[PDB]
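Encoded as C-alpha cells, the structure appears first; notes follow it.
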Amino acid sequence: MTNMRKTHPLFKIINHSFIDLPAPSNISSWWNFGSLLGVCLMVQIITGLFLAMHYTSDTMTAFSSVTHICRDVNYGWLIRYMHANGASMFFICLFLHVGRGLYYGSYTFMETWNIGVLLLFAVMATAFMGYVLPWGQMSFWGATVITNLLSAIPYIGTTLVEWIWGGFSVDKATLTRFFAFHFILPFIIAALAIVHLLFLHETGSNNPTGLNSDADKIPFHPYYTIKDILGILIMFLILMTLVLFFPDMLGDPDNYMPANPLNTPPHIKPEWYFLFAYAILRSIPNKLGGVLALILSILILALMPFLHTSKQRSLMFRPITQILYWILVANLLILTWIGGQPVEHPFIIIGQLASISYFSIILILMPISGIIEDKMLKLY
Amino acid sequence: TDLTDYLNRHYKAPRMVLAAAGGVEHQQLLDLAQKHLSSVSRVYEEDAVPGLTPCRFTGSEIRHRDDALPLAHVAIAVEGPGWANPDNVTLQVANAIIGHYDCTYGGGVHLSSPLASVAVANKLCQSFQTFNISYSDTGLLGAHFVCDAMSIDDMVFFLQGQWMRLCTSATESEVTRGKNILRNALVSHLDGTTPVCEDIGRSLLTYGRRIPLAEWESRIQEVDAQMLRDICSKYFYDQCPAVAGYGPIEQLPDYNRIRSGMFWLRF
Amino acid sequence: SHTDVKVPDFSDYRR
Amino acid sequence: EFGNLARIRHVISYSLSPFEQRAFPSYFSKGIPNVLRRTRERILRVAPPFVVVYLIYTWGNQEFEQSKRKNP
Amino acid sequence: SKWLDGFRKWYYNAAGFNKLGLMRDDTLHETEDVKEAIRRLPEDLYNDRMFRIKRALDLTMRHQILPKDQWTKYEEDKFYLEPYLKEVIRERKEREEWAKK
Ligand SMILES: CCCCCCCCCCCCCCCCCC(=O)OC[C@H](COP(=O)(O)OCCN)OC(=O)CCCCCCCCCCCCCCCCC
Ligand code: HEM
Ligand code: HEM
C-alpha cells in the first residue's frame, strides 16, 4: 500500500503547490487579492474567447461590430461588460497587490518583484491596446496622441508605426496588429504568473509581521482554500454588481461615438487606471521626458528593494514610514484626480507638486525616514 | 490531615474486595477474614457520599513540540463505551484485527495485520500498539505509535484507512482471526496466581461479579463481520478524536485533516 | 513535571 | 516541507474540535471593542492624509467653480 | 537629552511591538548577518526568541494584543542580539577589507 497523494506523478505537483504547502497562519485578507488577480485574469481570457470566436472585428466597422455584439448577439452585452469591468477590477486588485507588497516589506524577494514589474508592464500594454481596439472617437484620439508620443525614437518608433499602421489615418488593414498581440500577450501574462508562483514557492510566503514565520505555519488546505473561495465569491459579487447595475460608472460616455478624425474631442482622457500616469505626461513639458517619466516611475517601483535602509522588514512597527506611505497613497489618489481634470490653472501646479512629492517620497524621504526610525530605536 | 481523612472516607468495607488465587481453602480464608477484617467503621462519619459524576469526552488536541527528542510519540483515541457495555468485547476483536508491531518483531513482512505489513514495507514506525482503556461509563479506544518525524503524517493516513476498513470492508477471515487472537489473549493472560487474582479483583470492582471464561467464549463467538462493522461504524465513523503528541511533531497534522480523514466521501 | 500541566478552561468557546 | 522547517523546543499547544465549540462565540459583544481598538490604533496614521487631500479636492473644485464668475 | 529620551520612549510605545510581547531584537529582518547572529545564540535565548515570535504570530492571527500588564516595558527590553550582531558585522567588514586588497 502506498499513498496516492504523495506518489502520483501528476498529483504531487498539485498537492505540493496547493494542499500541504506550508503558509503563515497570521495572513490577513490582503494576500487573498493576489489569488483574486489570478482568477480575474482567467475570466478575462474567457470573455476574450467570447469576444473572438463568435465575432468579426473589422478595421473599418469595428464599432458597428461592437454594437451588433451588444444588440444582435445573445448575452453579448453581458460578456462585453464583464470584459471591461473585469479589466477595471483586475487593475483594482493589481493596485492592492502592489500596495501589499510595497507596505509589508515583500520586495525583499528580488526576482519575484522583478517579474512582477514585467507583469505590470504587460498588463499596462494589454489594457491600453484593448482600449484602442473598439475604435471609438476618443479611443482613436488617444491612440493617435500616444503613437505621436512613441514615434519620436529613431528606427523603433517610425518603423513600428509603419508596421502596426498601414497608414496614419486609415487603410485596408489597421487594427489587426493591435488585435493580434492584444490576443496573444495575456498568455505571456499567464506564463509570467506561473513563473511568479514558482519563484514564490521557492522562497516561501511572507507574514504581515515581517518576521520568520517558520515557528507557526499551517497547511494551505483547508484554511486558505476556503478563505480564497470566500474572497472569490465576494469579488464576483462586486464584479457583476459593477457589470450588472452600474455598467457606465467606471467607464465613460465619450467612447460611445463612432470615430471621426475631423471632429476634435472637447475633453480627452484615458481610462481611470491610466489617469495618474497621464498626469505625469502633463507634468514635465517634454514628450520624451514624459515617456521617460512613465518608465522612471515604474523603474523606481522596481528600484524600491535597493532603498530599504531599515533593519525592520514590515511597517507594522514603523510609524513614520507608515505616515509617509499613506501620504504617498493619497498622493496617487490626487494624481488620478489631476489626470482626470484638463490642463488649466492651477491643475498644472498641482500636477507639478504632486509629481515632485511622489518622486521625493519614493526616492529620498522613505530611506531617510527609515534612518530616523533606526536611530530612534537605539539601533545605530 | 488530608491523607488521614482521605483514608477515612475512601477505605470502606462495601467498596473493598479481598481476592485470593491459588492453593487456597475458601472456608479458612473466610474465617480468617471474619477474624481480621471485621473492624472497618463503615458508617458515614460526615454523611458525604462520593458519587460517580459522568465525565464528558471532548474532542481536542494537545501537542508538545520539543525537537531534541529522537523519536515522536502520537496517540489518537476516541471515546470508548465503558465496562458495562459488552460492545467493547467486539471492539477488542477490532484491536485484534489491527494488532501491534515493534521493530524487534520476528514476523518480518508477512504479518497478517495490514497496518503492520505496510509499516514494515514502507519503514514507517518504530512501533505501534492498539489500546482500549475502559472507565466507569467511559473510556479511550485508539492507537499509539512511536516513529521518526518524516513519516508521521503518512502513517496517520494509513492508520485512519485501517479504521475505515473496519467500517466497510470487514470480511469473515480477519474477524475469525481476531476472534482466535482474542481467545488466546483472554485465556493466556489468566496464567499464574497474580493475573487471576487481578482479574478477580477488577471483575468484582467493575462488573460487580466474576465473569466466567466460558461466558467470555460465548460472548466472543457471538460476533461476526456484520455486527463488528456496524459497531465500528457506530464508534469510529464521523467522530471527533483526541490527539496527543510529544517529540518532533511538526508533520503531525492539525485537527482539521484528522477530522476530515475520519470519514470517507464515497458514502 | 508533566503532571504539572493541564488544559486551560475553554468555557467561553465551548457550547 | 513539514518536519524540517524550524526547531522549537518546550512549547505546548492546546486546541479544540470545531464541533465542540461555537462558530460565533460572543460575536458582536467581543468583536465591537476589538474593532474599535484597531480603528483607534490605526486611524491617526491612516485618516489625516485623506482629510488633507479631501481639503485639496474641495479647494480645487471651489477654484474651478470660482474661475471667472464674470470678473469686474 | 531628557526630552529626547521622553520622545524615544513615546516612539517605542507607539511602535507597537510591545503590545505583542516582542522584544526589540526579535523584530530585526533576518538577513545573512542576522542569520549567523541567531546561529551563534545560546539555547535559552533562542528558545525564548522562538516562543516570542510564535506568540506574536498567534496574536496577529486573531488580531489581538496582550493585556497591558503583560506588555514589554522599556526597562526589560535588553539588547541580547547586539554583541553577536556587532561582532558578526565586524568580522564581515574585516573579511571584505581583506578581499578588497
Ligand atoms: C490624539 C488623540 C486624538 C483622538 C482622541 C481619542 C483618542 C483615540 C486613541 C488614541 C491613542 C493614542 C494614539 C495611538 C496612535 C499611534 C501614535 C500616533 O499615531 O501618533 C501621532 C503621530 C505622531 O508621529 P509618530 O509617527 O508617532 O512619531 C513621532 C516622531 N516625531 O502623528 C501623526 O500620525 C500625524 C501625521 C500627520 C500627517 C499629515 C500629512 C498632511 C499632508 C499630506 C499631503 C498628501 C498629498 C500631497 C499633495 C501635494 C500637491 C498639492
Ligand atoms: C487574450 C484574451 C483577450 C482577448 C482575446 C481580448 C479581446 C478583446 C476584444 C476583441 C476587445 C474589444 C471588444 C470590446 O471592446 O468590448 C477587447 C477590449 C478590451 N480589453 Fe481585451 N482581450 C483579452 C484580454 C484582456 C485583458 C487581460 C485585459 C486587461 C488588461 C483586457 C482589457 C481590455 C479592455 C480595457 C478593453 C476595452 C473595453 C471597452 O471597450 O471599454 N483584455 N478585448
Ligand atoms: C499580474 C498579476 C499578478 C498576479 C496574478 C499575481 C499573483 C500572485 C499570487 C497568486 C501570489 C500568491 C498569493 C499571495 O501570497 O499573495 C502572489 C504573491 C506575490 N506577488 Fe503577485 N501577482 C501579480 C502581480 C504582482 C506584481 C505586479 C508584484 C510586484 C509588485 C507582485 C509581487 C508579489 C509578491 C511580493 C508576492 C508575495 C506575497 C508575500 O509573501 O509577501 N505580484 N502574486
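Residue positions begin at 1 at the first shown residue.
Yeah, the Cβs are placed from backbone N, Cα and C, and that goes for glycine too.
Swiss-Prot lists D:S13 with the feature phosphoserine. Among the features that Swiss-Prot reports, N6-acetyllysine is placed at D:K30, with the record citing a large-scale study or a structure entry. According to Swiss-Prot, the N6-succinyllysine annotation covers D:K30. The feature transmembrane segment is assigned by Swiss-Prot to D:41-59.
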* Structure fact -> The rounded CA-CA distance in Å from D:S13 (phosphoserine) to the residue listed as 'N6-acetyllysine' is 23
* Cβ neighbour count within 10 Å of the residue listed as 'phosphoserine' -> 14
* Would you mind checking how many other C-beta atoms are within 10 angstroms of the C-beta on the residue listed as 'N6-acetyllysine'? => 11
* Structure fact -> Under a three-state DSSP reduction, the secondary structure at D:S13 (phosphoserine) is strand
